[PDB]
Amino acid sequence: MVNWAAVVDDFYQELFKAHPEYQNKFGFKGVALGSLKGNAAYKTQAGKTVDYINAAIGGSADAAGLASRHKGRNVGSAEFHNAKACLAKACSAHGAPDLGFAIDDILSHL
């Protein structure tokens, strides 16, 4: 099956490399990017992100709910447009399908 866990790991490397300040909103704030895999808070976030991707593909994802929760952290359209770019890179590096359609669904509620 598609190694979405590896995709998500690359996605967060790309995201925080380009926008390090985004990391400050997480429980792994301040942690070196190259060490995130050994961080408990990151492990949980990465898993939830993978789950969301599998939910989007499976048809169960609550994009409105996810959008609302991100607004609840002051994360909106600008951030998700930036994320769309990083995720496209991560998917391409793994021969995985692009997830732009899934991010657009979230953007439609932001």
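One rule holds for the numbers: they count along the sequence shown, beginning at 1.
The stretch with the higher mean CA B factor, choosing between 74-82 and 37-45, is 74-82. The stretch with the higher mean CA B factor, choosing between 20-28 and 84-92, is 84-92. Placement of the Cα temperature factor of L99 within the chain: middle third of the modelled residues, per the deposited record. In the PDB entry, a CA B factor belonging to the middle third of its chain's modelled residues is recorded for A5.
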